[PDB]
2 protein chains.
Amino acid sequence: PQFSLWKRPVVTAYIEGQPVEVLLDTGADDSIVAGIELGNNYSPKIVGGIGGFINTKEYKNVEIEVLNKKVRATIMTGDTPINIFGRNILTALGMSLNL
Amino acid sequence: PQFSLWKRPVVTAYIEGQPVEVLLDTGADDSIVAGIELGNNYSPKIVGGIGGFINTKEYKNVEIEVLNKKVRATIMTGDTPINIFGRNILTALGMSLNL
Ligand SMILES: CC(C)(C)NC(=O)[C@@H]1CN(Cc2cccnc2)CCN1C[C@@H](O)C[C@@H](Cc1ccccc1)C(=O)N[C@H]1c2ccccc2C[C@H]1O
């Protein structure tokens with residue numbers, strides 16, 4: 001369905017079990033969710049945004065149900081001010097920007 | 001006019017006649033470019049990205065042209081790795097997110 005961008009494109013996701021609220025972010029390459037501890041094996045990862053860098057931990061192949069689709073996804077866990085679903089998941093989902 | 005998110009959604013915009021490459025970013029509440037000088041009529045403004053907080057210069061009602069549409073929007077200039085068109089412009093453009 002359509003999101004006009006007059007408010008933040010935030011939805012309730014399920015990393016599953018866990019409902020998190022997420023920003024749908026065409027300017028993020030990757031996805032970063034705060035406030036979650038996730039699984040056995042992550043890689044160290046370093047992410048560049050505006051005004052600096054952040055150290056996240058990388059969990060691949062995760063249960064994500066959002067927008068009544070289910071996806072297995074790679075999501076990082078870092079100290080982010082807002083949870084972000086970036087391009088890596090937005091493509092999976094088949095979302096686009098129009099017009 | 002219908003960007004698949006497989007690559008970074010970058011277009012060429014003209015800011016007051018000047019061509020610039022900008023990333024169309026649904027997760028940005030506002031817009032910030034580097035490499036253009038817009039004048040002395042600005043306000044100082046602090047902005048928070050995922051890495052931390054930066055100083056910017058805020059101009060109001062600057063003329064923007066993107067794919068056949070001419071709008072007037074608020075735009076910040078500053079030191080940014082990449083030029084961003086946030087929600088304040090994407091909305092002015094009548095752009096949406098598609099599923
Ligand atoms: C107005 C301004 C432009 C400062 N907004 C942002 O930076 C916000 C900030 N919030 C938070 C906020 C903080 C404080 C107050 N209000 C809001 C989190 C989300 N972003 C929007 C992001 O889309 C910004 C992009 C910008 C960029 C693109 C490429 C390279 C560098 C910078 C961004 O952060 N992208 C990076 C990124 C981000 C997440 C995950 C992976 C990756 C990789 C990479 O593309």
Side-chain angles (χ1 to χ4, degrees), chain A residues 3 5-11 20-36 44-58 74-91 95 97, chain B residues 3 5 7-16 18-39 42-60 62 64 66 71 73-93 95 97:
Chain A
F3 296 76
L5 298 146
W6 293 101
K7 303 169 296 166
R8 293 185 173 160
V10 184
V11 289
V20 291
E21 315 274 299
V22 295
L23 186 64
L24 279 25
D25 190 339
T26 55
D29 298 319
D30 305 306
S31 302
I32 325 196
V33 168
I36 214 176
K45 253 291 254 281
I46 288 183
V47 171
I50 299 294
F53 299 100
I54 170 184
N55 272 100
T56 71
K57 288 154 163 54
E58 189 177 6
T74 301
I75 52 152
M76 295 172 283
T77 284
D79 213 47
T80 180
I82 200 158
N83 303 333
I84 300 174
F85 265 8
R87 258 167 48 230
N88 67 312
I89 287 174
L90 286 187
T91 48
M95 296 193 109
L97 263 165
Chain B
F3 309 74
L5 308 168
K7 354 77 182 51
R8 252 120 88 147
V10 178
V11 295
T12 311
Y14 301 94
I15 298 189
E16 291 276 331
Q18 184 169 352
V20 293
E21 300 297 285
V22 302
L23 172 79
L24 306 175
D25 185 351
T26 53
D29 296 308
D30 310 304
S31 296
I32 173 155
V33 305
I36 73 175
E37 225 302 321
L38 273 165
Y42 61 98
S43 311
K45 210 226 151 162
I46 267 137
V47 76
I50 202 169
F53 274 106
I54 59 162
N55 243 309
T56 63
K57 293 159 170 228
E58 197 188 68
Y59 304 82
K60 292 178 199 264
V62 180
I64 316 301
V66 218
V71 302
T74 293
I75 185 105
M76 307 187 271
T77 67
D79 176 21
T80 190
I82 189 185
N83 295 160
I84 291 148
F85 269 17
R87 276 163 61 244
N88 70 289
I89 304 179
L90 298 187
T91 60
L93 293 191
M95 285 188 81
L97 255 196

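Below, all heavy atoms of this structure are taken into account, side chains as well, without hydrogens, waters or symmetry copies. Chain letters run A, B, ... following the sequence lines, proteins first and then strands; every chain starts at 1.
Taking both residues in full, the closest heavy atoms of A/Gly27 and A/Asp25 are given as N-OD1, 2.9 Å, listed atom of the first, atom of the second, then distance. The two residues B/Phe53 and B/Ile46 make their nearest non-hydrogen contact at CD2-CG2, 3.6 Å. What you find for B/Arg87 and A/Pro9 is that their closest heavy atoms are CD-CD, 4.1 Å. The minimum heavy-atom distance linking B/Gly78 with B/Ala34 is given by the pair O-CB, 3.0 Å. Nearest heavy-atom pair across B/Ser31 and B/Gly86 is OG-N, 2.9 Å.
Residue B/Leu24 holds its CG atom at 12.5 Å from CZ of B/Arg8, rounded to the nearest 0.5 Å. Atoms OG1 and NZ, on A/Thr91 and B/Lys7 in that order, are 10.0 Å from each other to the nearest 0.5 Å. Here the straight-line distance linking atom CG of B/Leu93 with atom CG of A/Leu5 works out to 10.0 Å at 0.5 Å rounding. Annotation: the span from B/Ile89 atom CD1 to B/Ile84 atom CD1 amounts to 10.5 Å, rounded to 0.5 Å. Here the OG1 atom belonging to A/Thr77 is positioned 12.5 Å from the NZ atom belonging to A/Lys45, to the nearest 0.5 angstrom. Note that the NZ atom of B/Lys60 and the CD1 atom of B/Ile75 stand 13.5 Å from one another [nearest 0.5 Å].
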Intermediate values then yes/no, side-chain contact (heavy atoms from CB on, under 4.5 Å), B/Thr56 and B/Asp30: CA-CA 12 Å; B/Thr56 63; B/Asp30 310 304; over 6 Å; no

Apply side-chain contact (heavy atoms from CB on, under 4.5 Å) to the pair B/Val62 and B/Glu16, showing each step before the final yes or no. CA-CA 7 Å; B/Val62 180; B/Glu16 291 276 331; 3.6 Å; yes

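Within a 6.0 Å sphere centred on NZ of B/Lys57, other residues, nucleotides and ligands contribute more than 12 heavy atoms. Heavy atoms of other residues, nucleotides or ligands lying less than 6.0 angstrom from CG of B/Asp29 number more than 12.
With contacts defined as side-chain heavy-atom distances shorter than 4.5 Å, the pair A/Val11/A/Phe3 qualifies. Contact of the A/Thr80 side chain with the A/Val47 side chain is not registered, since no non-hydrogen atoms from C-beta on lie closer than 4.5 Å.
Paired with A/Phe85 under the rule side-chain contact (heavy atoms from CB on, under 4.5 Å), one option of A/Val22, A/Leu23, A/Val10 passes, and it is A/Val22. Among B/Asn83, B/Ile54, B/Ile82, B/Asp79, the one residue that satisfies the side-chain contact (heavy atoms from CB on, under 4.5 Å) test with B/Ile32 is B/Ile54. Screening B/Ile64, B/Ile15, B/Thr12 against B/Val20 for a side-chain contact (heavy atoms from CB on, under 4.5 Å) leaves a single residue, B/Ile15.
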